[PDB]
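Order of the sequence lines fixes the chain letters, A, B, ..., with proteins taken first and strands second; residue numbering starts at 1 for each chain. Every number for a ligand or one of its atoms is a count from 1 in the order of the listing. Computation of the quantities below employed the complete heavy-atom set of this structure, encompassing side-chain atoms and omitting hydrogens, waters and symmetry-equivalent molecules.
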2 protein chains.
Amino acid sequence: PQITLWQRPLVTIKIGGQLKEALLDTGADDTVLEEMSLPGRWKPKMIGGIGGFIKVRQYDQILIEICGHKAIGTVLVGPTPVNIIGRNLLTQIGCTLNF
Amino acid sequence: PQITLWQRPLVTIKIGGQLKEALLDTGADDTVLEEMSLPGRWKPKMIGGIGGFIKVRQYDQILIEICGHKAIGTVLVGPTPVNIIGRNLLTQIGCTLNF
Ligand SMILES: CC(C)CN(C[C@@H](O)[C@H](Cc1ccccc1)NC(=O)O[C@H]1CO[C@H]2OCC[C@H]21)S(=O)(=O)c1ccc(C(N)=O)cc1
């Protein structure tokens with residue numbers, strides 16, 4: 001799809017067998033999801049954004065279907081206010097910015 | 001232009017007579033720039049992101065040229081780690097997401 005930006009670019013994702021909504025976020029390097037149950041082992045990490053930092057669990061090689069496009073990569077899990085799909089996954093689904 | 005997302009989508013902006021680089025950020029509702037000198041009146045606001053909230057100064061009707069495309073809108077100024085161009089301005093320069 002082409003998506004205009006008059007509203008938040010929210011899409012449905014399927015991850016770890018669960019359905020969620022997440023924001024297509026070109027300002028995020030990596031994908032960050034609110035606390036949820038995920039299969040893997042994981043590694044502790046810190047990520048920083050606008051108002052400081054949060055602690056996340058880093059899960060590698062996780063499958064996500066983003067509007068019915070499959071991608072596999074790193075997902076960070078933690079106390080983000082919003083599920084964010086970052087460039088690490090956007091590149092796999094062929095997402096570009098056009099102006 | 002069309003912009004792929006293998007690297008951060010940084011563009012040059014001209015604002016307040018100054019040249020800066022900023023991230024085209026579909027995950028941001030509003031535009032947030034690091035501390036800089038801007039002409040005019042402004043109103044205190046707080047905005048929240050990944051790790052909490054920062055206090056910003058809200059400037060309305062500010063002119064920005066983003067890759068040589070002119071837009072006028074709200075610009076928030078404050079301790080963001082990176083200059084961010086948000087959807088409030090992305091819509092004016094005709095920016096879309098495509099996959
Ligand atoms: C500040 C940018 C450069 C990085 N962020 C991505 C942004 O798009 C971030 C995504 C987001 C976070 C919290 C709530 C809602 C949206 N946008 C965001 O901070 O936007 C600000 C300004 O505009 C406002 O609307 C949304 C909340 C407000 S981030 O903090 O969420 C982030 C940081 C690090 C990483 C990482 N290590 O991969 C991933 C994402």
Taking B:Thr91 for the side chain and A:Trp6 for the main chain, is one N or O donor matched with an acceptor at less than 3.5 Å?
no

Decide yes or no for B:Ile3 and A:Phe99: does some side-chain heavy atom of the first lie under 4.5 Å from some side-chain heavy atom of the second?
yes

Short N or O contacts of ligand 1 with protein, under 3.5 Å, listed by atom name?
residue: ligand 1; atom: 8 (O); partner: A:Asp25; partner atom: OD1; Å: 2.6
residue: ligand 1; atom: 8 (O); partner: A:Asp25; partner atom: OD2; Å: 2.5
residue: ligand 1; atom: 8 (O); partner: B:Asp25; partner atom: OD1; Å: 2.9
residue: ligand 1; atom: 8 (O); partner: B:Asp25; partner atom: OD2; Å: 3.3
residue: ligand 1; atom: 17 (N); partner: B:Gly27; partner atom: O; Å: 3.3
residue: ligand 1; atom: 23 (O); partner: B:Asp29; partner atom: N; Å: 3.3
residue: ligand 1; atom: 25 (O); partner: B:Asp29; partner atom: N; Å: 3.1
residue: ligand 1; atom: 25 (O); partner: B:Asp29; partner atom: OD2; Å: 3.4
residue: ligand 1; atom: 38 (O); partner: A:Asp30; partner atom: N; Å: 3.0
residue: ligand 1; atom: 38 (O); partner: A:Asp30; partner atom: OD2; Å: 2.7

Can you run down the side chain to side chain donor-acceptor pair (under 3.5 Å) pairs that involve residues 67-89 of chain B, sequence neighbours left out, and say none if there aren't any?
B:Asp29-B:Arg87, B:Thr31-B:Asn88, B:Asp60-B:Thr74

Any chance CZ of B:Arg8 has more than 12 other-residue heavy atoms, nucleotides or ligands included, within less than 6.0 Å?
no

Pairwise side-chain contact, A:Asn98 with B:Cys95, heavy-atom cut-off 4.5 Å (strictly under)
no

Could you check if a side-chain atom of A:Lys20 sits within less than 4.5 angstrom of a side-chain atom of A:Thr12, using non-hydrogen atoms only?
no

